[PDB]
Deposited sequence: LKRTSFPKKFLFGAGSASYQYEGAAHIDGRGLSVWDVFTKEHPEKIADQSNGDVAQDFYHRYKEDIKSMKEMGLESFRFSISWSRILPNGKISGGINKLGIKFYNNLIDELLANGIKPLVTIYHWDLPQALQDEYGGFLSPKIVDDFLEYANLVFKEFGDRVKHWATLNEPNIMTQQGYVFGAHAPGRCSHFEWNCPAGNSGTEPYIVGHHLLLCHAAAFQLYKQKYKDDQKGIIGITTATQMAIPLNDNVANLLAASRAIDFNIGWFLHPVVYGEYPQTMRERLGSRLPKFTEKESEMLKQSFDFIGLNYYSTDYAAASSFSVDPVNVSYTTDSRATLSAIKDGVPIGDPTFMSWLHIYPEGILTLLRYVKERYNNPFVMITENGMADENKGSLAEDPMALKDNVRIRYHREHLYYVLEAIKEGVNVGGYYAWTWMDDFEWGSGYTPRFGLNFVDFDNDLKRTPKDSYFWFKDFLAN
């Protein structure tokens, strides 16, 4: 495969998120996020009882990393802004942390100095704890005005240089894990000290979409004419295919797609929830005003798709999101995995499924401009480079990226409007509930050797790929 086989305007990048990368969590005026609290106060929910206090210390070492990015030939770099680093209490009334602004200014100036276009995710799950304490964060409509003022500050201070934005990253996972399974911050579920897995997800999702629409409309009306950038939304797009060709399994696949992918994509393309969510949930699903519906319809310049794997969907043989779809997912059919299993239980290697996703999005949503904002896989963390000499020989990762890009190039030949691909992830990082147990990086991070970065074989494959 060769980069010259892709459109010249197509963006090739690698991605990062604030809490997963930065460290310096309690220095330089940064306020607590719900993830500081979640990792510190629920270590039993983190596979290795770890946190993001230090991560890979990107906050201090970004200059060295960006040099390694330029050497690989990276076109774009995706990174997220820590709300609580710039606004310690989440509110403009709480004061703007100048050292936080300084850090993002330095990061951005460093990327552009090295010829790398920033793609900035405004919100990648690190909500200020002060907002969760004040009104339960995304459980309240008050989040929208606090999100608006945050988005406004971000556009005003960085938008002169930043020309590519995502409002949100994977609000579906953020809502599912945060408020259905309580496996992610803020750890609410219907075992959880508080929550309702049947009601709270649909409220949280509602307020996320209202935040998205308010940030989009603000960018359109106040900043787009001057700054000439673009703004979209990234969602998690695990694909579903029917277990078989039984009409019930065809509809189960449709219902799992509507409940996971369509949940946020339907409002942003058409201005309404998927009708199968309205049919199932009645009053548990909040209703958009005519105004809101107008603000949401085509509230994007692009849609970010985060594609890792596909499952089989079958029709389903104390209300919760989990059972609301009337569908069962599995990666196995007649005791045969959909693709090679990897360290992550939910990640089978099924590169065909990314074309299936891109075809579905094309046909369902009238071929909107999309980017793959995440795609990659993880090897198990087996310790230091000395403990794991084979960590660098990531032939499986190399195969994963190669076959997925083959199918993205197929997508382009079929007139799908895909214009970006961002690897997950630049360097081994903090992976939420999994802690540092999964290594997703093109770069190895030796957490026992002063966070030394060693390029994996995948780095050199991407170097060759981008050069030709």
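Several segments of the deposited sequence are absent from the coordinates, namely 191 to 194, 322 to 327.
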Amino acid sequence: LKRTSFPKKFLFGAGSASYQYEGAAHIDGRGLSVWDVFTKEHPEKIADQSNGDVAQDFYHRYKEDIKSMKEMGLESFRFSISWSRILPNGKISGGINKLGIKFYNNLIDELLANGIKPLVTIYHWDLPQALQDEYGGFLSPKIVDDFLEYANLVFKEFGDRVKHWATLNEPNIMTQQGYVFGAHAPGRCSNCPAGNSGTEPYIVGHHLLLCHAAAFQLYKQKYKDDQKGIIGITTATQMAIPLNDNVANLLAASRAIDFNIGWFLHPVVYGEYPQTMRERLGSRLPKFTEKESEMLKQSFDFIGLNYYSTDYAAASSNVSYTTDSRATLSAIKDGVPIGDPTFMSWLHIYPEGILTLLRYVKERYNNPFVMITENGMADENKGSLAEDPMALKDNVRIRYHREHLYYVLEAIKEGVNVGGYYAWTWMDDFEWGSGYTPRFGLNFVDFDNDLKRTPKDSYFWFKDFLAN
From here on, numbers count along this sequence of modelled residues.
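Of the two segments examined, 324 to 332 and 373 to 381, it is 324 to 332 that shows the higher average Cα temperature factor in the deposited entry. The deposited model assigns a higher average Cα B-factor to 404 to 412 than to the other stretch when 404 to 412 and 421 to 429 are compared. Between the residues 209, 256, 81, 314, it is 314 that shows the highest Cα B-factor in the PDB record. Highest CA B-factor among 301, 352, 126, 109, as stated in the entry: 352. Ranked within its chain, residue 21 lands in the lowest third, by CA B factor from the PDB record. Ranked within its chain, residue 217 lands in the middle third, by CA B factor from the PDB record. When all modelled residues of the chain are sorted by CA temperature factor, residue 27 is found within the highest third. When the CA B factors of the chain's modelled residues are split into thirds, the value for residue 135 lands in the highest one. Split the chain's modelled residues into thirds by C-alpha temperature factor. Residue 459 is in the middle one.
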